[PDB]
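Descriptive analysis of the structure
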Protein chains: 2
Amino acid sequence: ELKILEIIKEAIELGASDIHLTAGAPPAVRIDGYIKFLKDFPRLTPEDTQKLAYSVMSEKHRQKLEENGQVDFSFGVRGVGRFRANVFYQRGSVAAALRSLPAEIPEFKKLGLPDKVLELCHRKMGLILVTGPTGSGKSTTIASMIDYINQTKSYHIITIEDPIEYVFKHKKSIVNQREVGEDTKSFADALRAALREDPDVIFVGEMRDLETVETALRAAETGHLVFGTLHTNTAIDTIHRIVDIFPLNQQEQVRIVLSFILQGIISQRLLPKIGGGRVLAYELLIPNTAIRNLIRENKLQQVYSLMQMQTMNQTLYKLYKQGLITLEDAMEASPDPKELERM
Amino acid sequence: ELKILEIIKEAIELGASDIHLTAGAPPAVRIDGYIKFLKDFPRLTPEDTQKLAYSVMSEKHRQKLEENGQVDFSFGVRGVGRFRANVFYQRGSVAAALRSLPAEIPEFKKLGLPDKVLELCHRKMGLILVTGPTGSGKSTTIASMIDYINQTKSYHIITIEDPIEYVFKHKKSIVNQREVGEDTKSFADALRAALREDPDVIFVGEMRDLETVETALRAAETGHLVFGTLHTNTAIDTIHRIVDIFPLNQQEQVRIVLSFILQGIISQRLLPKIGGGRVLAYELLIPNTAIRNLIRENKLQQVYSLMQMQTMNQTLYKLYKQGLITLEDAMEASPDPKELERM
Ligand SMILES: Nc1ncnc2c1ncn2[C@@H]1O[C@H](COP(=O)(O)OP(=O)(O)O)[C@@H](O)[C@H]1O
Ligand SMILES: Nc1ncnc2c1ncn2[C@@H]1O[C@H](COP(=O)(O)OP(=O)(O)O)[C@@H](O)[C@H]1O
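1. Focus: a positive patch on the surface
- The grouping of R196(A), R218(A), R208(B) and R241(B) at the surface amounts to a positive patch.
- Along the chain, the position of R241(B) falls in helix α9 (residues 235-244).

Right, dumping it as structure tokens:
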């Protein structure tokens, strides 16, 4: 009767985002943001949610659920696509929460970014940054850029992910994708090796460690175009954030580096549309003659003024000068009420 | 059908720099900077890239690919020459990236350095430094110097490398080459022993550690001519860099030492030629009566002024006073626009 290899069917048939298997309820499913218990066939599940859970768990996983009452892993079904699971000892039993992994990568056009971004991928070496609150298109924006490359250039692209969100088909180039925690054990002892694996483009899924940003930066300035992703929210704060987290025995030299190596910056926030709902706000900073020198001299604040590539407001407005984002959401996402309200 | 001992053939036949074996593609190859998939015979490789990988891996290697998802090692084929590999768990499989190791050492003449450099090797003890951005001839410049010696002197030369780039034929002297990570486990507990092995010339491939530079310096001032390689870019900054990284309870005495022991300095940058492409820029500092005393008194900046052996610009120009390096690259490599532009 009960088979996870089939529970996933009725879920993918309804278009669920997440499916949850607990102990007292019948397999559940998250649809349109709601939790609905699919009693369609399965009945209140027994503490043998451990049975279904194993019909997916290897051994380095099943034993891991024992050291600590939980495991975070990804597995693939030849049926539909790939899923992300997280089994854990819930209330003296076993509970699982399978998510879903993107089988297809979006056409950069569909994203929303300008036709300027597709030029960054065409650079030769530097530090392309994509920042925003968790849930703002970062992953997608990156996979569209890394995939645009994989299509038009003859490179060996190397990505260090946790977990591998999007996957890549070998096209005009050879892609190598290592999952931090399954293929290596860190972004460092993986980015460290990326250095000596002849990769043309490196990719760190997350850069919240000194040593990580340390190398992400040493690599960016050694011949490779690296893509990094901080959780900031604006341009000014980004470049600021990375230089600040460095001992002050050369916080300026770092400003110097971040000025010779910074290839681009694109912060994002996913606001709603009076359509289906998704549209994207953002701030794009493409260094020039002045800002380059500015950053180094740290005449920061003043650089924001030269920004006639596009402040977050010249954008928070541009979406409304048409009829998409309402005035309040153009504020509940606006990095500054003051800058706007004058439009 | 598939045999790494043969994949290397078709690669060396095309003159590739790197060859890459991934999982979805057919063995690939990096030619003229490009990634080309040699479908010549091999077909889309199966996850049995682990089979080819092992037809090269010993045991202290195959097991190492298990502790961490990667191994960095060198192996030799009696066919052509020696190669550098780096196998790693890529996307739940195994991926390899074999490079290539120089079978022959260049005639010092072909390098580009003046006829002054070949005199340093003839000194009796001191600290010969070769610095530059990774990719500037350091390895080659050194192997040409260490080999010029091996040819004209009756010495026991000892080199501590990681990895052994160039190899040496016993000529008028006996060469000993230890690979850090295979023969010993460090530049220190290897340079420490070099001290008591009666070597005439010592060689540290990399000196980015206190203890390392500590001994590289204690050895240089104990009777041996040692060759070191920092990643700096100019003379002034070099000697500066090494003294600064020393607790300030005698940063001057260190300046003192670096002034009695500094035998020479030659920073490099590989610029392009309107020919095939490679020509070399550089800054050469051969201490004298003044600079010796200068360094100690730390009247640094002023020493740069006595430099009528050759500033980086008197060079960045000398290449152009002929017709090789264009004016902009004579700047995109120039350690200072100001110093030049007056030529
Ligand atoms: N530019 C965009 N426009 C509309 N929807 C987007 C855009 N970027 C991402 N999304 C959608 O938002 C969701 C999550 O985006 P994602 O990048 O995976 O989160 P994160 O920013 O943490 O990496 C996905 O369902 C994705 O399709
Ligand atoms: N003086 C030079 N002139 C022209 N080409 C050079 C010179 N020195 C090195 N090269 C070439 O540049 C490449 C790398 O130089 P190498 O010294 O091995 O890198 P690194 O500076 O990191 O040690 C090699 O292919 C080498 O033949």
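Next comes the rest of the description.
2. With respect to the interface of chain B and chain A
- At the interface, 24 residues of chain B touch 25 residues of chain A.
- Between chain B and chain A, roughly 1,900 Å² of surface is buried when both sides are summed, and carbon and sulfur atoms account for 45% of that area.
- Broken down residue by residue, the surface that chain B buries against chain A is led by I35(B), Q90(B) and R91(B), which jointly contribute 28%.
- Residues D198(A) and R30(B) are paired through a salt bridge, measuring 2.6 Å at the closest nitrogen-oxygen approach.
- Of all elements in the fold, only β1 (18-21), β3 (34-37), β4 (70-76) and β5 (82-88) of chain B reach the threshold of two or more residues within the side of chain B that touches chain A.
- Residue contributions to the side of chain B that touches chain A peak at three residues, all from β3(B).
- A class-by-class count of the residues in the side of chain B that touches chain A yields nine nonpolar, 11 polar and four charged.

3. Re the site of ligand 1
Residues and elements named next belong to chain A.
- Residues in close proximity to ligand 1 include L111, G135, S136, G137, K138, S139, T140, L270, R278 and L280, which together make up its full environment.
- With respect to ligand 1, the backbone of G137 contributes an N or O atom lying 3.0 Å from an oxygen atom.
- Notes on ligand 1: free accessible area 570 Å², of which the protein chains cover 70%.
- Only α6 (138-152) and β13 (278-284) provide two or more residues apiece to the shell around ligand 1.
- By residue number, the principal contributor to the shell around ligand 1 is α6, which donates three residues.

4. Let's talk about the relation of the copies chain B and chain A
- Overlaying chain B on chain A yields an RMSD of 0.0 Å, the required transformation being a rotation through 60 degrees with an accompanying axial translation of 0.0 Å. With respect to symmetry, the two chain copies, as superposed, fit the operation of a six-fold axis. For chain B, the minimum C-alpha distance to the rotation axis belongs to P247(B) and amounts to 17 Å.

About the criteria used
- Residues numbered from 1 in each chain as written, not as in the entry; some residues may be left out.
- Chains lettered and ligands numbered in written order.
- Part of a larger assembly, values for the part shown.
- Heavy atoms only, no water.
- Patch = residues over 30% accessible without salt bridge, like charges linked within 9 Å, V, L, I, M, F, W, Y side chains within 5 Å.
- Areas by Shrake-Rupley, 256 points an atom, 1.4 Å probe, with all protein chains shown as cover.
- Salt bridge = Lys/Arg side-chain N within 4 Å of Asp/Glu carboxyl O.
- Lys, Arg positive; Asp, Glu negative; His and termini not counted.
- Charge placed at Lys NZ, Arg CZ, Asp CG, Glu CD.
- Helix = DSSP H or I, 4+ residues; strand = E, 2+ residues; numbered from the N terminus.
- Contact = heavy atoms within 4.5 Å.
- Buried area = accessible area lost by both parts, 1.4 Å probe.
- Nonpolar A, V, L, I, M, F, W, Y, C, P; charged D, E, K, R; others polar.
- Near = heavy atom within 4 Å.
- Polar contact = N/O pair within 3.5 Å; in protein donor to acceptor, adjacent residues only side chain to side chain.
- Least-squares fit on C-alpha atoms.

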